[PDB]
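Every number in this text was worked out from the coordinates using simple rules, so none of it is lab data. Reconstructed Cβ throughout: ideal geometry from the backbone, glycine too, with neighbour counts over all protein chains shown.
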Amino acid sequence: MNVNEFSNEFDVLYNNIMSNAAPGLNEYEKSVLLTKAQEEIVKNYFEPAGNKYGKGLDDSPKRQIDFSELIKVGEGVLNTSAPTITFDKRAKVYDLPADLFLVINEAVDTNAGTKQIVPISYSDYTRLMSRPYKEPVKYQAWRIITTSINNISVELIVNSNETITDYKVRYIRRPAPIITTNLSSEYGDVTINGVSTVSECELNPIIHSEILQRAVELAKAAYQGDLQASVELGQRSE
Amino acid sequence: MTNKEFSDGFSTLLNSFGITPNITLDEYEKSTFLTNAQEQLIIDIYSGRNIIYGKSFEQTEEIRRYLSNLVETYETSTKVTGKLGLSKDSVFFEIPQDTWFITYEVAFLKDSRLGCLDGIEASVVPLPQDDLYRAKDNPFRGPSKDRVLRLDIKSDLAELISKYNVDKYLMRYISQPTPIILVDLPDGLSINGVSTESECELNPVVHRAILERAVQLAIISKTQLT
């Protein structure tokens, strides 16, 4: 469904049938609520505990097809542009793509073959570095986030006497906002995520109805406006 | 194996800092268990009470190769003067004080009474105190030109009962092994009086058995009340 259909069925589901009908929502408000509902839905469906099914990214066909249009593959750029201080002397710093929402798969291609990057926790890092070896298992590499400015910088730890040729990252692209109409105005240009032009929902049509329902629920919680509704509907932001 | 290798292998065998429940020891604790395992193992090997080997001090090539580096030879001619013995012809010789078990022990005799046999090497026979009285007069098991009786007494001493004058006393014994100390211990701490690093002097063949025994002793120490 295109943006006009988002807005028309938003109006239908919000106030065109309600008995003591409420004021219609302005297009900026509808775009804001739709973008919020989109992000909430993405976060709810990525995490199993966030939805009533207990199903995350790839726990069912529907969850695969939900994020299928939001998956992207890119590469981390070696961060030798400027000097820096790494926590580990034997780690190579890489910069992830700017439009990164969530990392789901990483791999590094070295001279000793491809290796799956395992994101190790800080307590896990301490445990592993208290051991005599201090290097990954055969077909794996280690990873920790380092000092990041304006984009995520990442330290890749591989086994000794190994060089990294490329660093691929299969991630979830940051969703683009849903903007119903050109938000340009003479009184001031308002933006949802830095863009005023019309922006279609760049995800699969399977969850457009879900985004619409969530947006309507958020609109009605805003209309109710007491602390109660804000608190319970803020639980699903996550 | 070196001290770094004792420590790294000991950690690997104990699964230190692995995901499963495990045990982690300090280098002093590691040194304590390694030295205890070393001394237990070599005493059991000498006496032949180890069920795995089941052989005594030099009963096979394996045990020879294991305890070859503790075998020290000693020679002395000085006699301790003022001491009370069980015979008029008793001379006392000091023991090297690092001795564990005496394995060979022989005595050279210098006396004019045994003519043209002077300097005869004589077998030093350890004799119990039951056997002493009936062995002074014994012509086949008592002191003679070719036999000397040795009795252990206080203050690390050997009372040699001989018919002829004893000139020199030769020994070959098992020595106190150097402890296995993996790190320069802080002030006050030491193992067998040693505070600095001490590598195992035995052969690398038995180092892995010592490591296994030390690991088992560590598990016993941590899991004897649970």
Is it the case, given these coordinates, that A:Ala49 is in a loop (DSSP other than H, G, I, E, B), out of contact with any strand residue (DSSP E or B) (no Cβ under 8 Å at 6 or more places or on another chain), of a type in the set (A, V, I, L, M, F, W, C) and free of Cβ contacts under 8 Å to residues at least 60 places away in the same chain?
no
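Could you run through the range A:153-185 and say how many residues are surrounded by 13 or more Cβ atoms within 10 Å (Cβ to Cβ) and farther than 25 Å from A:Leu203 by Cα?
First, pick out the residues of the range A:153-185 that are surrounded by 13 or more Cβ atoms within 10 Å (Cβ to Cβ): A:153-159, A:162, A:164, A:166-181, A:183.
Filter again for farther than 25 Å from A:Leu203 by Cα, leaving A:153-159, A:162, A:164, A:166-167.
Here the count works out to 11.
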So how many residues does the range B:10-19 have that are at the interface with chain A (Cβ under 9 Å from one of its Cβ atoms) and more than 20 Å from A:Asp124 (Cβ to Cβ)?
0
Single residue of the range B:43-73 satisfying the filter (over 13 Å from the mean Cα position of the chain (by Cα) and not in a loop (DSSP other than H, G, I, E, B)) that is nearest to B:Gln176 (Cα to Cα)
B:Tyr66
Tell me yes or no: at least one residue of the range A:205-215 is touching a helix residue (DSSP H, G or I) at 6+ places or on another chain (Cβ under 7 Å) and either of a type in the set (D, E, K, R) or not in a helix (DSSP H, G or I) (or both).
yes
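Taking the range B:10-37 on its own, how many of its residues are in a helix (DSSP H, G or I) and either among the β-branched types (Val, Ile, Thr) or in contact with a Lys or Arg (Cβ under 8 Å, 6 or more places away or on another chain) (or both)?
At the first step, the residues of the range B:10-37 found to be in a helix (DSSP H, G or I) are B:10-14, B:27-37.
Remaining after also requiring either among the β-branched types (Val, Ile, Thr) or in contact with a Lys or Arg (Cβ under 8 Å, 6 or more places away or on another chain) (or both): B:10-12, B:32, B:35, B:37.
Result for the range B:10-37: 6.
Let's see how each residue does on (1) of a type in the set (A, V, I, L, M); (2) touching a residue at least 40 places away in the same chain (Cβ under 8 Å); (3) out of contact with any strand residue (DSSP E or B) (no Cβ under 9 Å at 6 or more places or on another chain):
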position	(1), (2), (3)
A:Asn2	no, yes, yes
A:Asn8	no, no, yes
A:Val12	yes, no, yes
A:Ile17	yes, no, yes
A:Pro23	no, no, yes
A:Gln38	no, yes, yes
A:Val42	yes, yes, no
A:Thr86	no, yes, no
A:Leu100	yes, yes, no
Please determine whether any residue of the range B:41-59 is surrounded by 15 or more Cβ atoms within 10 Å (Cβ to Cβ), more than 29 Å from B:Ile161 (Cβ to Cβ) and within 14 Å of chain A (Cβ to nearest Cβ).
no
